[PDB]
Asks: 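Once you've had a glance at the structure underneath, I'll fire off some questions.
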Amino acid sequence: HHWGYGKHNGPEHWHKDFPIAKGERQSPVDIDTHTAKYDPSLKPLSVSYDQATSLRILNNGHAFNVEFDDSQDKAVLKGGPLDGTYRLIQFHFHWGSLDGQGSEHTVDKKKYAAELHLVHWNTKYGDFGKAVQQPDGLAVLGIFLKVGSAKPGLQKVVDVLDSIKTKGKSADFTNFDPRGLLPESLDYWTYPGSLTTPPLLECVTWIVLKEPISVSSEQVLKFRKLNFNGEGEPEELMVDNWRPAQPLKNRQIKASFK
Ligand SMILES: CSc1nc(Cl)c(C=O)c(NCc2ccc(S(N)(=O)=O)cc2)n1
Ligand SMILES: [Zn+2]
């Protein structure tokens, strides 16, 4: 009886195995755009993905992860609210059963169809496992998806999904360029938070881009053909793998713009 997003093991249940679920800096959160304060001390974000090396794509039973070689300084996130350098390790998405839901963060209570998470760890801690034990261990870059025109840069991901339908399946996924998933503007909101899945560790500087990317109905429909279950098990469509907004508590969301 492991955690999930099903009828009986979903977000409302996680606190039983992971008490930090009711903690002081949990994610995601609603971004109230009128209350987020412009912070002129914030820097432009620096996203350096030219040398990114993707290796593999994995269905882990909760989402799919596109995994990167992080054995040297290649693909890094710095600047913005960050001190030091954060290395890209994987990206994944959260999405809905319908276009009207799927994102984890919301914007003035608006839910997007999906949300992309580019996950980076602070190189000062040497590896990911050590980084997640620190309040400034991770930086996750969050990007909203809306349904409209196709994202050509996403299609290579969409097309490989049929080969990793069920939990535990993986496929070679080399030479994928995540620059193709970025919007035009890097304007962002930022706040201190947590992993949005168990173990829900309070180790993330969240950086959420204001500009969503557009993907097509057909592209997101293919996300929805994935399975939570393993091969040869009754089919459970991989949909609604998002955690709802959590109490903001004693935190301020800062804006990089205007
Ligand atoms: C705790 S040990 C560990 N080690 C590795 Cl090697 C990974 C690999 O990713 C990992 N991932 C957990 C994770 C959960 C949730 C999020 S989210 N939905 O907040 O962006 C990012 C990362 N956790
Ligand atoms: Zn995520």
Side-chain angles (χ1 to χ4, degrees), residues 28 30-31 33 36 44-50 52 54 57-59 62-68 75 77 80 88 90-120 140-165 171 173-190 196 206-227 237-245 255-258:
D30 182 54
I31 299 159
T33 64
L45 200 56
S46 167
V47 184
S48 300
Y49 290 168
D50 57 283
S54 68
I57 187 174
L58 170 67
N59 179 338
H62 309 292
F64 61 88
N65 291 350
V66 172
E67 297 162 356
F68 289 80
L77 181 66
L88 176 66
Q90 54 105 328
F91 72 76
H92 58 274
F93 302 80
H94 303 262
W95 61 94
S97 52
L98 308 152
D99 295 355
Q101 65 189 27
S103 66
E104 299 208 300
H105 291 91
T106 54
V107 177
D108 293 336
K109 300 301 180 77
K110 176 188 177 68
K111 301 174 163 82
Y112 287 86
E115 184 174 329
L116 164 65
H117 287 164
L118 294 129
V119 184
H120 314 73
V140 186
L141 179 57
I143 298 177
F144 294 120
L145 282 60
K146 59 181 198 178
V147 173
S149 67
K151 196 80 175 168
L154 180 61
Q155 195 65 32
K156 271 197 29 178
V157 174
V158 169
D159 282 333
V160 80
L161 300 183
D162 80 293
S163 83
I164 58 155
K165 182 169 185 180
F173 202 66
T174 63
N175 300 285
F176 177 82
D177 188 344
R179 293 178 293 186
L181 296 178
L182 303 174
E184 160 187 345
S185 181
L186 296 182
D187 289 346
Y188 64 89
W189 294 287
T190 184
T196 68
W206 275 96
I207 301 170
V208 178
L209 297 191
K210 176 181 175 161
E211 182 175 2
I213 61 168
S214 281
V215 306
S216 68
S217 58
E218 296 86 358
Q219 284 177 322
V220 68
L221 280 160
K222 291 177 182 184
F223 280 19
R224 297 184 192 128
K225 287 182 83 185
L226 291 163
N227 280 186
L237 295 174
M238 188 180 274
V239 298
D240 294 317
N241 59 352
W242 50 279
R243 186 186 198 196
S256 77
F257 58 91
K258 290 190 280 180

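One-based numbering along the sequence shown. The analysis underlying the following values was restricted to heavy atoms, covering all of them including side chains, and did not include hydrogens, waters or symmetry mates.
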Asks: Might you work through the side chain to side chain contact (heavy atoms under 4.5 Å, CB included) test for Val47 and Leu186, ending with a clear yes or no?
Replies: CA-CA 9 Å; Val47 184; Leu186 296 182; 4.2 Å; yes
Asks: Assess whether ring-ring contact (aromatic ring centres under 6.0 Å, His included) is satisfied between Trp189 and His105, documenting all intermediate values.
Replies: CA-CA 11 Å; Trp189 294 287; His105 291 91; 9.6 Å; no
Asks: Any idea how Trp95 and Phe64 line up, ring-wise: parallel (<30°), tilted (30 to 60°), or perpendicular (>60°)?
Replies: tilted
Asks: Taking the side chain as C-beta and beyond, is there a heavy-atom pair between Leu161 and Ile57 under 4.5 Å?
Replies: yes
Asks: Can you tell me how far apart CG (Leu209) and CD1 (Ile143) are? Round to the nearest 0.5 Å.
Replies: 4.5 Å
Asks: Let me confirm one number: the OH-CD distance from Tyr112 to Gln101, rounded to the nearest 0.5 Å.
Replies: 15.5 Å
Asks: With the side chain counted from C-beta on, respond yes when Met238 and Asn59 share a heavy-atom pair under 4.5 Å apart, and no when they do not.
Replies: yes
Asks: Output yes when a side-chain donor or acceptor of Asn241 lies under 3.5 Å from a complementary backbone atom of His62, and no otherwise.
Replies: yes
Asks: How about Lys222: does its NZ atom have over 12 heavy atoms from other parts shown lying under 6.0 Å from it?
Replies: no
Asks: Closest approach of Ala171 and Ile164, non-hydrogen atoms and distance?
Replies: N-CG2, 3.7 Å
Asks: Using ring-ring contact (aromatic ring centres under 6.0 Å, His included) as the criterion, list what pairs up with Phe173, not counting sequence neighbours.
Replies: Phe176
Asks: Testing the basics here: between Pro28 and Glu104, what is the closest heavy-atom pair and its distance to 0.1 Å?
Replies: CG-O, 3.2 Å
Asks: Is the closest side-chain heavy-atom distance between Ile31 and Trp206 below 4.5 Å?
Replies: no
Asks: Measuring only between side-chain heavy atoms, which start at C-beta, is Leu141 closer than 4.5 Å to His120?
Replies: yes
Asks: For atom NZ of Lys146, decide whether the heavy atoms of other residues, nucleotides or ligands shown that lie under 6.0 angstrom number more than 12.
Replies: no
Asks: Compare all side-chain heavy atoms of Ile207 with those of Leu77 and state whether any distance is below 4.5 angstrom.
Replies: yes
Asks: Can you name the side chain to side chain contact (heavy atoms under 4.5 Å, CB included) partners of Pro44, sequence neighbours left out?
Replies: none
Asks: Let me see the working for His92 and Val119 under side chain to side chain contact (heavy atoms under 4.5 Å, CB included), right down to the final yes or no.
Replies: CA-CA 8 Å; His92 58 274; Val119 184; 3.7 Å; yes
Asks: Looking only at non-hydrogen atoms, find the nearest pair between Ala113 and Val147 and report the distance.
Replies: CB-CG2, 3.8 Å
Asks: Show the nearest heavy-atom pair for residues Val66 and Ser54, with the distance to one decimal.
Replies: CG1-CB, 4.3 Å
Asks: Tell me, do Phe223 and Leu154 make a side-chain contact under 4.5 Å, heavy atoms counted?
Replies: yes
Asks: Quick one: side chain to side chain contact (heavy atoms under 4.5 Å, CB included) partners of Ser256, sequence neighbours excluded?
Replies: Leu42, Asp187, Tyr188
Asks: Got a donor-acceptor contact below 3.5 angstrom from the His94 side chain to the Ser103 backbone?
Replies: no
Asks: Going by salt bridge (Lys or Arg N to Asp or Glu O under 4.0 Å), name the residues that satisfy it together with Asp99, two or more places apart in sequence or in a different chain.
Replies: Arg224
Asks: Any side-chain heavy-atom pair from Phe68 and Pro178 closer than 4.5 angstrom?
Replies: yes
Asks: Who are the side chain to side chain contact (heavy atoms under 4.5 Å, CB included) partners of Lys165, not counting sequence neighbours?
Replies: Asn227, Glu235
Asks: Inspect the surroundings of CG in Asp108 and state if more than 12 heavy atoms from other residues, nucleotides or ligands are less than 6.0 Å away.
Replies: yes
Asks: Evaluate side chain to side chain contact (heavy atoms under 4.5 Å, CB included) for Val157 paired with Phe91, printing each intermediate quantity in order.
Replies: CA-CA 11 Å; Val157 174; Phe91 72 76; 4.3 Å; yes
Asks: Can you name the closest pair of heavy atoms from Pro212 and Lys210 and give their distance?
Replies: CD-O, 3.4 Å
Asks: Just wondering, do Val220 and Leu145 contact through their side chains at under 4.5 Å, heavy atoms?
Replies: no
Asks: Any donor and acceptor pair, going by atom type alone, linking the side chain of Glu211 with main-chain N or O of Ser185 inside 3.5 Å?
Replies: yes
Asks: Roughly how far, to the nearest 0.5 Å, is NZ of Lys111 from CG of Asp30?
Replies: 9.0 Å
Asks: Tell me every residue that passes side chain to side chain contact (heavy atoms under 4.5 Å, CB included) with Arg179, counting only those two or more places apart in sequence or in another chain.
Replies: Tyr49, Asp50, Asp177
Asks: Please report the closest heavy-atom contact between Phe144 and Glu115, naming both atoms and the distance.
Replies: CE2-OE1, 3.6 Å
